[PDB]
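Dropping entry-v6.tsv in here (TSV, C-alpha atoms):
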chain	number	residue	atom	x	y	z
A	66	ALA	CA	128.34	69.97	59.67
A	67	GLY	CA	125.85	67.91	57.69
A	68	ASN	CA	125.35	65.70	60.74
A	69	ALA	CA	124.67	68.77	62.89
A	70	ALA	CA	122.25	69.95	60.19
A	71	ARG	CA	120.35	66.65	60.43
A	72	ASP	CA	120.27	67.02	64.22
A	73	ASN	CA	118.88	70.55	63.96
A	74	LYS	CA	116.40	69.38	61.28
A	75	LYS	CA	117.55	71.92	58.69
A	76	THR	CA	118.49	71.41	55.05
A	77	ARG	CA	121.05	74.22	54.73
A	78	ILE	CA	124.17	74.43	56.89
A	79	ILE	CA	124.27	77.59	59.02
A	80	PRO	CA	127.32	78.87	60.96
A	81	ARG	CA	125.79	77.34	64.11
A	82	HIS	CA	126.24	73.91	62.54
A	83	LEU	CA	129.88	74.62	61.70
A	84	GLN	CA	130.50	75.79	65.27
A	85	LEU	CA	128.87	72.69	66.75
A	86	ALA	CA	130.73	70.46	64.29
A	87	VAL	CA	134.20	71.88	64.93
A	88	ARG	CA	133.96	72.09	68.72
A	89	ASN	CA	132.43	68.63	69.24
A	90	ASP	CA	135.43	67.09	67.47
A	91	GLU	CA	138.45	66.77	69.73
A	92	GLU	CA	141.02	67.41	66.99
A	93	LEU	CA	139.18	70.05	64.94
A	94	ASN	CA	138.83	72.08	68.14
A	95	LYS	CA	142.59	72.04	68.69
A	96	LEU	CA	143.26	72.98	65.06
A	97	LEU	CA	140.85	75.94	65.18
A	98	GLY	CA	141.58	76.76	68.82
A	99	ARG	CA	142.55	80.38	68.11
A	100	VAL	CA	139.66	80.91	65.67
A	101	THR	CA	136.22	82.43	66.27
A	102	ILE	CA	133.41	81.56	63.85
A	103	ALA	CA	130.97	84.36	63.04
A	104	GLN	CA	127.42	83.75	64.30
A	105	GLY	CA	128.72	80.58	65.95
A	106	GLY	CA	127.89	81.00	69.61
A	107	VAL	CA	129.08	78.61	72.31
A	108	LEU	CA	128.35	75.06	73.42
A	109	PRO	CA	125.61	74.59	76.04
A	110	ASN	CA	127.54	74.10	79.27
A	111	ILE	CA	126.48	74.74	82.87
A	112	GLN	CA	128.80	73.93	85.76
A	113	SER	CA	127.84	71.31	88.33
A	114	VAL	CA	127.95	73.66	91.33
A	115	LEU	CA	125.67	76.09	89.48
A	116	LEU	CA	122.89	73.51	89.11
A	117	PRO	CA	119.94	73.80	91.51
A	118	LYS	CA	119.13	71.41	94.34
B	3	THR	CA	73.94	56.23	128.49
B	4	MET	CA	72.76	54.25	131.51
B	5	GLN	CA	76.42	53.61	132.41
B	6	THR	CA	76.87	54.78	136.00
B	7	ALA	CA	79.75	52.53	137.16
B	8	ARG	CA	82.91	52.21	135.05
B	9	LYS	CA	81.61	53.78	131.84
B	10	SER	CA	82.58	52.34	128.45
B	11	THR	CA	85.56	54.41	127.32
B	12	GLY	CA	85.37	53.08	123.77
B	13	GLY	CA	82.56	53.58	121.31
B	14	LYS	CA	83.30	57.32	121.17
B	15	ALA	CA	84.79	59.00	118.11
B	38	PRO	CA	101.51	87.00	92.98
B	39	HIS	CA	104.12	84.36	92.11
B	40	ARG	CA	107.88	84.95	92.26
B	41	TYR	CA	110.41	82.26	91.41
B	42	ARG	CA	113.32	81.56	93.73
B	43	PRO	CA	116.58	83.41	92.97
B	44	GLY	CA	118.66	81.53	90.41
B	45	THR	CA	115.89	79.84	88.43
B	46	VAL	CA	115.29	82.53	85.79
B	47	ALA	CA	119.05	83.07	85.58
B	48	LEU	CA	119.73	79.43	84.68
B	49	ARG	CA	116.83	79.42	82.22
B	50	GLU	CA	118.19	82.63	80.68
B	51	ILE	CA	121.60	80.95	80.43
B	52	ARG	CA	120.03	78.05	78.53
B	53	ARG	CA	118.22	80.53	76.28
B	54	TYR	CA	121.41	82.38	75.29
B	55	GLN	CA	123.56	79.23	75.00
B	56	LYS	CA	121.16	77.93	72.33
B	57	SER	CA	121.09	81.14	70.26
B	58	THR	CA	123.96	82.97	68.58
B	59	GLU	CA	122.46	86.43	68.05
B	60	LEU	CA	124.67	89.35	69.02
B	61	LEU	CA	124.04	90.58	72.56
B	62	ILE	CA	125.41	94.13	72.56
B	63	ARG	CA	123.22	96.47	70.54
B	64	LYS	CA	124.57	97.61	67.19
B	65	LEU	CA	124.17	101.40	67.28
B	66	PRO	CA	125.66	102.14	70.75
B	67	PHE	CA	128.52	99.78	69.88
B	68	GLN	CA	129.09	101.50	66.53
B	69	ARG	CA	129.20	104.93	68.18
B	70	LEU	CA	131.64	103.64	70.82
B	71	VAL	CA	134.04	102.34	68.17
B	72	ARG	CA	133.83	105.65	66.29
B	73	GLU	CA	134.88	107.40	69.50
B	74	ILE	CA	137.84	105.05	69.96
B	75	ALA	CA	138.96	105.51	66.35
B	76	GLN	CA	138.80	109.32	66.53
B	77	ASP	CA	141.61	109.19	69.11
B	78	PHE	CA	143.76	107.22	66.63
B	79	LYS	CA	143.16	109.03	63.32
B	80	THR	CA	140.77	111.84	62.44
B	81	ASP	CA	138.06	111.76	59.76
B	82	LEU	CA	137.59	108.01	59.36
B	83	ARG	CA	134.80	106.06	57.67
B	84	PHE	CA	133.85	102.47	58.53
B	85	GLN	CA	132.32	99.78	56.37
B	86	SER	CA	129.24	98.30	58.03
B	87	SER	CA	130.90	94.88	57.76
B	88	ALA	CA	133.93	96.24	59.64
B	89	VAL	CA	131.76	97.19	62.62
B	90	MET	CA	130.00	93.81	62.62
B	91	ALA	CA	133.36	92.02	62.57
B	92	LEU	CA	134.55	94.14	65.50
B	93	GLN	CA	131.37	93.25	67.41
B	94	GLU	CA	131.75	89.53	66.65
B	95	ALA	CA	135.31	89.32	67.97
B	96	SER	CA	134.52	91.54	70.96
B	97	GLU	CA	131.53	89.52	72.18
B	98	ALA	CA	133.36	86.21	71.65
B	99	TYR	CA	136.29	87.53	73.68
B	100	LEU	CA	133.96	88.67	76.47
B	101	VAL	CA	131.94	85.44	76.56
B	102	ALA	CA	135.15	83.40	76.72
B	103	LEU	CA	136.47	85.71	79.44
B	104	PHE	CA	133.35	85.26	81.57
B	105	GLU	CA	133.76	81.49	81.18
B	106	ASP	CA	137.25	81.77	82.69
B	107	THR	CA	135.88	84.28	85.20
B	108	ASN	CA	133.13	81.90	86.32
B	109	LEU	CA	135.69	79.10	86.72
B	110	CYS	CA	137.80	81.34	88.96
B	111	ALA	CA	134.82	82.29	91.14
B	112	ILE	CA	133.83	78.64	91.57
B	113	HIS	CA	137.44	77.79	92.45
B	114	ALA	CA	137.28	80.32	95.32
B	115	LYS	CA	134.30	78.43	96.82
B	116	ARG	CA	132.05	81.21	95.50
B	117	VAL	CA	129.25	81.54	92.95
B	118	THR	CA	129.35	85.30	92.41
B	119	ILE	CA	131.84	86.75	89.93
B	120	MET	CA	133.93	89.67	91.17
B	121	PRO	CA	136.50	92.02	89.61
B	122	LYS	CA	139.25	89.98	91.28
B	123	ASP	CA	138.11	87.02	89.17
B	124	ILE	CA	138.45	88.88	85.86
B	125	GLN	CA	141.81	90.31	86.96
B	126	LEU	CA	142.99	86.82	87.92
B	127	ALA	CA	141.83	85.46	84.56
B	128	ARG	CA	143.63	88.17	82.58
B	129	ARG	CA	146.71	87.69	84.78
B	130	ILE	CA	146.88	83.99	83.93
B	131	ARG	CA	146.35	84.79	80.24
B	132	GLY	CA	149.36	87.10	80.43
B	133	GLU	CA	147.31	90.19	79.53
B	134	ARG	CA	148.94	92.85	81.70
I'd like the structure from this file rewritten - as structure tokens, please.
Amino acid sequence: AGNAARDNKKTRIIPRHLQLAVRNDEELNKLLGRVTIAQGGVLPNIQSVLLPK
Amino acid sequence: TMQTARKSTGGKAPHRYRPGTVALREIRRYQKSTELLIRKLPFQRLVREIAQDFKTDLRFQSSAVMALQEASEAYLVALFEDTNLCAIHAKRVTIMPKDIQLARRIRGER
């Protein structure tokens, strides 16, 4: 979470940082797989077929 | 100019973007933010309607409504992720009710 805070250039950890931290880890995602974090959002992900030409 | 026999041939010389661009840019805009997407007051009135059919004369804490909205939107965003995967699997790009029904069928939600 502190690493995500440094990446977002913010001093205080917000729930976005916790969401990014947990889901970028392969094992923390499986631990909290049935858990939704408030004000967390989702990871930026666009499918390949959906991209323009 | 005095060429009378076999003359010299040479020596003469609103804006509207394409469909799909704003959509992808809107996708990027909402994937970066985490603000709630369904408005608070219509959602709060809808939940009050649903609760009246379960027990009469009920009061809700404002935090209870916000928690209901958080879990509802997260469920719907995750469902549309599975729905989009189903539509792409069918060699399509457009989501359809058959995609949501297929997603909820695989989840076991009957």
_Residue hits in chain A, query chain B, radius 12 Å, all atoms listed in the file, as number ranges by chain_ = A: 73, 79-82, 84-85, 99-118
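Of note, CA of residue 71 (chain B) and CA of residue 123 (chain B) are spaced 26.3 Å apart.
If you look at CA of residue 82 (chain B) and CA of residue 133 (chain B), they are 28.6 Å away from each other.
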*Separation of CA of residue 84 (chain B) from CA of residue 69 (chain B), in Å and rounded to one decimal*: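 CA of residue 69 (chain B) lies 11.0 Å from CA of residue 84 (chain B).
Among the candidates B:72, B:39, B:4, B:124, the one nearest to residue 100 (chain B) when counting all atoms listed in the file is B:124.
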*Write out as a PyMOL selection string each polymer residue whose atoms come within 10 Å of residue 87 (chain A), counting all atoms listed in the file; drop sequence neighbours fewer than 4 positions from it.*
chain A and resi 66+82-83+91-98+102
Would you place a box with edges along x, y and z of the file around all atoms of region 100-113 of chain B listed there, add 5 Å to each of its six sides, and report the centre and edge lengths in Å to one decimal, as JSON?
{"center_x": 134.9, "center_y": 83.2, "center_z": 84.5, "size_x": 15.9, "size_y": 20.9, "size_z": 26.0}
